[PDB]
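Visitor: The structure under discussion is supplied below as structure tokens; questions concerning it will follow.
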Amino acid sequence: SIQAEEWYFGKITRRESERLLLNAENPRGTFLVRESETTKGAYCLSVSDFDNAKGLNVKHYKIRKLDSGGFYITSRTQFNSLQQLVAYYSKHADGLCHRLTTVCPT
Ligand SMILES: *C(=O)c1ccccc1OP(=O)(O)OCc1ccccc1
């Protein structure tokens, strides 16, 4: 089901996620989910941001998945699915650079 998600890019590198997100047309919150390069079993949420100090830039957030079933960036805020995690962060910025807006174009 995760592999079926249009925002799930699978096995792409961190640099590739940055190449895709650093497009001048991408508004704040453009995002994608990929596998972590070095953490087995973990995903990575790559998100674009923009401000006058840094200009267009990218942030990465590790998503952990417990055998017990929960998905989360912070253990205080867990979800029953990756889909629910993405939906929540599309409404709440919380500690992220921006709420998730649009799926990163390829
Ligand atoms: C996403 O998993 C993530 C989160 C924060 C920094 C980088 C990052 O991408 P990774 O593909 O996991 O690889 C780089 C990394 C650097 C430092 C610690 C963990 C991952």
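Naming scheme: A, B, ... for chains in displayed order of the structure tokens; residues 1 onward per chain; ligands 1 onward as shown.
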Using only C-alpha atoms and all ligand atoms, find each residue with an atom at most 10 Å away from ligand 1 and format the answer as a ChimeraX atom specification.
Guide: /A:11-15,17,33-46,59-64,73
Visitor: For residue 97 (chain A), please output as a PyMOL selection string all residues within 10 Å (counting only C-alpha atoms; exclusion window: fewer than 3 positions along the same chain).
Guide: chain A and resi 28-29+47-50+58-61+93-94+100
Visitor: Using DSSP on the backbone coordinates, identify the residues of region 22-73 of chain A assigned to strand (DSSP E); present them as a list in words.
Guide: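 Listing strand (DSSP E) positions across region 22-73 of chain A yields residues 31, 32, 33, 34, 35, 43, 44, 45, 46, 47, 48, 49, 50, 51, 55, 56, 57, 58, 59, 60, 61, 62, 63, 64, 65, 71 and 72 of chain A.
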Visitor: CA of residue 102 (chain A) and CA of residue 53 (chain A) are how many Å apart?
Guide: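 Separating CA of residue 102 (chain A) from CA of residue 53 (chain A) is a distance of 22.8 Å.
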Visitor: Given the choices A:96, A:5, A:104, A:76, which gets closest to residue 24 (chain A) if the distance is worked out from only C-alpha atoms?
Guide: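 For residue 24 (chain A), the nearest of the given residues is A:104.
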Visitor: What does the distance between CA of residue 54 (chain A) and CA of residue 22 (chain A) come to in Å, to one decimal place?
Guide: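 Atom-to-atom, CA of residue 54 (chain A) and CA of residue 22 (chain A) are spaced 12.1 Å apart.
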Visitor: From the set A:65, A:7, A:57, A:20, which residue has the shortest atom-to-atom contact distance to residue 87 (chain A), counting only C-alpha atoms?
Guide: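 Of all the options, A:7 lies closest to residue 87 (chain A).
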Visitor: With DSSP run on the backbone, what are the alpha helix (DSSP H) residues within chain A? I'd like them as a list in words.
Guide: residues 14, 15, 16, 17, 18, 19, 20, 21, 82, 83, 84, 85, 86, 87, 88 and 89 of chain A
Visitor: Considering only C-alpha atoms, can you say which of A:56, A:74, A:30, A:89 comes closest to residue 101 (chain A)?
Guide: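 Looking at the shortest contact to residue 101 (chain A), the residue is A:30.
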Visitor: What does the distance from CA of residue 99 (chain A) to CA of residue 10 (chain A) come to in Å, to one decimal?
Guide: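 A separation of 21.2 Å between them.
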